[PDB]
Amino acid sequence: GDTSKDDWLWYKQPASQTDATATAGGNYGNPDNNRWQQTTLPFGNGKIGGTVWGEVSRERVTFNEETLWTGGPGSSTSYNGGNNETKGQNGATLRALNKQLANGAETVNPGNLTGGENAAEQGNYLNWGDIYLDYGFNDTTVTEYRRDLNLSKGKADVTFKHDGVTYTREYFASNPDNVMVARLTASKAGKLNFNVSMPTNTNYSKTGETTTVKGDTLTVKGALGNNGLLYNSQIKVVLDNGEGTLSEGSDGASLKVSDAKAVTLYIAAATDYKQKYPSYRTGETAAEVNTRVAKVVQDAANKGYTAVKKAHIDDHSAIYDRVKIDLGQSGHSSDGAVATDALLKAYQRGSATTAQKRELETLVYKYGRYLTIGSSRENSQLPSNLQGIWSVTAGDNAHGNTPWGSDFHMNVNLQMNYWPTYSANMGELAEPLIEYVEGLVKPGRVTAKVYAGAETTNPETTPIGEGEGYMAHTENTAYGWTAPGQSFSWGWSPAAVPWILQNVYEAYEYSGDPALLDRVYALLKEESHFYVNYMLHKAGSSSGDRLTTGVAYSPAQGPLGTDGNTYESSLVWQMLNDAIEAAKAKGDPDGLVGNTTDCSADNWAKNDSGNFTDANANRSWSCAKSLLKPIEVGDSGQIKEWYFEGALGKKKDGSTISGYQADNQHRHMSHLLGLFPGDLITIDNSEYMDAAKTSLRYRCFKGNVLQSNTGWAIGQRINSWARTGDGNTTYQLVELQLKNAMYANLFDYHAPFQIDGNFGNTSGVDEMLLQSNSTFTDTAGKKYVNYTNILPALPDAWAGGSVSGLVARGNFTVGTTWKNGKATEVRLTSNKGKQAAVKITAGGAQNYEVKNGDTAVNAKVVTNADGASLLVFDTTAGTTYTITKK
């Protein structure tokens, strides 16, 4: 085909010869594993993944399947989600601690709020192994070598000339046909000779593994030692025209292909995992999995390469091509095009041209969308983990050979994985996250009982929404590991659930979809019930006059075990906000919205049995929300991180806060979640926004110099800065992520490789060009909720450009063209007919007018007390409105 217009990451040498000189990080002491993370090119179908090395002779595709997880039922005889009954005492331990805080304690020792001690029960995500395609060349001398990742077509390509013959390789993983394809060619008949093997990683425990050949198919199968999970992979080799010979390798164990010209390999893998509490198994036998995997490769071969490839590209491109961004970038087809590793190095050196700078920025942005398609499909069994689905490291136990188990880290990281999912028009890719959080409900009720005394009768059978609450913490797995971890500071964080419910609720916010409303309403209802009934209390003297969440830590500074904090109260505020919105949208069938009549923190008074002593008092969602008072501006003009805080880093009396990083540059900004991702601190509130900008500047600058960071920290700061409207600072953060936190394969790093920052980048660029989360209040006091904000934080660096296919809440598809730093055209497609309300930050919307083609729309200009303006107008589903300067 014509690929000149496609987006490529491309390299002029194999992975083995690609620069892997950036910081390796923990677990990457093996030069070979470090080389994997910095140089290989990922692809996937949401379920299986490969990372292509592009080696000339011993070619290698590191292989993953999303469900290959140790831990869980079968890892012990008593697996119970890590919950420690002796520590939790059915809520008694937490209750006693909160009473101390209520009676005036500033801090308590939260040391016994722990669990999850058994690393075998926790487990971790495993690298499955490798596909090795050994051409058995005498040397690796080549010319005209290239390897690429075609982001537009979802496939990896390798080409080179060796001893008069041109060898090509193409790799993709089809979602529609559930199968990995390797298309391999030589330019001369009989010159394609290779050995096919697929060894499982040797660093995890396996029982009864066998490798059998039954040309045309190689099968590896066994069960995991740690938990008995059955696994099965197969490679079917189809000689393209039955030309060439298929034999068995001398080792076992491999398939040899001789004297061929071209072949297609069909690769499949599965386990008997099911996301289903409490057994987490399909109930299949090994033979039954073997048969299932066999049907995948056979079906694909019956379809054939042309049809499978066509179906793959149609499917991949349908999602990939929804968004287009032009900031003036060069690309792989440009005259004087630069390979992607050389591009990164030029960007780091300061010698990249404007076009090349825009190419790197724009490629990293696109890669975040690409990586979502590869790791998180609407039919994936699990959401993307700390590494999407791609890993090379393996070991049996949690906190072992793989950094943080490549797990589901739900106190910023899993959240970040789903920051760009809706705004960058990949909404259905959020489905496995929604299903994952749904999946936490049953096991989470066990935790909620043990640690907070919220008992759901028969947690297994009680529908989501009808139980007493579900609790989960930071480290999560495939197996309902909802217990807190073994040390409080990093292990305990029940507001992780509220937080991930933002990602979930946004699936409804951006779509208006009725079936999603029911699902998000059920999750929000039970979690809001949980907080109102079991987690909120009237604060003691240290935290002023308010309900707080009680025993808390602000990751990861200050005192352990304070009386609530801004981080948690901001999250609980948002959750109640969204639960109320969801209930209103349903006609508040359960009568839970209530009001603020006779509403007081005293209404939460409990006896020693945990029962309310004023049982019939108002504890409705509206009342509880109103009592949080999450944002308090402190004596330094900052957002307080603690309710006992005065000036920054100090208590009200001027003494210093212990555990506060006194240089003011603590890496986390847990108290700013109301600015991003939430709706608590917005451009529409200058008091709060000015204070949030003050907090951000203290955290992010040393002197007047903006500081670099990596991984999730830089991703969070880009998005947080975007919400302020400071496009220039936001952009300088983007530059700093590209310079200091991207490997040659554009994997984001911490170090080591962590995918969160890849997805965070894509989201941050979205939030520069379009915001949709805030609420505008006009001079008449009318609210415009989730108004469309065009170019809210456009950097001066991007003087002109266009973007199309972004999504705004209310379900509008948005395109924008700008020149000389100001919008020239907005194209707003109303997908659901919701009333439009449009701010034009780069232009002033009062200077614009609205048309439906030739029809002039009678848009009204409304303005707020601060003198900013919205264009408001009714819309019809399916219609595009063009907004242009008068």
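One rule holds for the numbers: they count along the sequence shown, beginning at 1.
Taking only CA atoms, the mean B-factor in the PDB entry is higher for 180-188 than for the other of 180-188 and 548-556. The PDB entry records a higher mean C-alpha B factor for 280-288 than for its counterpart among 718-726 and 280-288. Between the residues 779, 127, 772, 80, it is 779 that shows the highest Cα B-factor in the PDB record. Within the listed group 495, 119, 623, 105, the record reports its top CA B-factor for 105. When the modelled residues of the chain are ordered by their C-alpha B factor, residue 236 lands in the highest third. Among all modelled residues in its chain, residue 70 ranks in the lowest third by Cα B-factor. Sort the chain's modelled residues by C-alpha temperature factor and residue 648 lands in the middle third, per the entry. Among the modelled residues of its chain, residue 663 has a C-alpha B-factor that falls in the middle third, as given in the PDB entry. Split the chain's modelled residues into thirds by C-alpha temperature factor. Residue 597 is in the highest one.
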